[PDB]
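Single chain ahead, by itself, as structure tokens, in the form deposited in one PDB entry.
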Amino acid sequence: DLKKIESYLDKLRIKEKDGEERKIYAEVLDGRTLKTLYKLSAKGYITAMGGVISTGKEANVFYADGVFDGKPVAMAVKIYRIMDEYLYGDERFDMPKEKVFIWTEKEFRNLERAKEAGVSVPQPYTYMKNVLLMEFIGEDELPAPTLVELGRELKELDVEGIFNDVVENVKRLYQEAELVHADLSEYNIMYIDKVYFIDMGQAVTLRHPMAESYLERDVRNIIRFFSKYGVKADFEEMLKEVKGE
């Protein structure tokens, strides 16, 4: 399967000179993944695969130039490697390999749902098998920082403003998308000049048995994080603000 990978890496134009990229792509992705990326290029979604943005246990994220809705766009390409409590209980999905494809579709559908409700998430473009294409958040192929990445640079920003941005986005997600993120924290929120929520495969519908418990957890994470930056908030007030109580 190494021969297959190297071949697709050539066809995708992921070159030796493109830094450490070719070695990272060849280890983190597999032949069948790169086949799907090359079918996406052929179909006109991807013009050029770019740098490696993140490598994880569940997912890898890469930059690409691509085309969506007739125009050139910057893309985040998120790829799930080929979870349960967050799938089961979500009735939207009529229940190894196939499981990863559902999860991909799950995240895509959640992005679309959240976006339609007015939540600040990356514009979703398309998915295919284990690959999800979405709006690149950042500039000049540099990803926007997450809240953790921001660090004490937050002290120089309007932290309370950022907090209130976060809360408003959770409230829309809940009241208008009827979803709970379920892994909301400083690690999954990005900021350029407004916050964006990312990482939504696990998000569940308010029909899920655990939605309220996951929501309470999200709220506590956000109060915990912002307490370190001088923002005074109460759990009851934020929860009620979000749930419209």
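Under this definition, the rigid core comprises the largest set of C-alpha atoms superposing within 1.5 Å between the forms. The first residue of the sequence shown is number 1, and the count goes up from there.
Keep in mind that the form deposited in another entry is missing from the display, and what follows is about it.
> Considering only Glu105, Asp90, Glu135, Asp165, which residue exhibits a C-alpha shift of no less than 2 Å between the shown form and the other one, with the rigid core used for superposition?
The only residue crossing the 2 Å threshold is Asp90.
> 2 Å or more on the CA of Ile222 between the shown form and the other one, with the rigid core superposed, yes or no?
Result for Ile222: no, shift under 2 Å.
> Is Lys232 among the residues whose Cα moves by 2 Å or more between the shown form and the other one after superposition of the rigid core?
Where the cores coincide, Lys232 shows only a C-alpha shift between the shown form and the other one that is less than 2 Å.
> Would one find the Cα atoms of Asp18 and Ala74 closer or farther in the other form than in this form, where their distance changes by 3 Å or more?
Pair moves farther apart in the other form.
> Taking the shown form as the reference, report whether the CA atoms of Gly19 and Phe136 lie closer or farther apart in the other form; the distance changes by 3 angstroms or more.
Farther: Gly19 and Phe136 separate by 3 Å or more in the other form.
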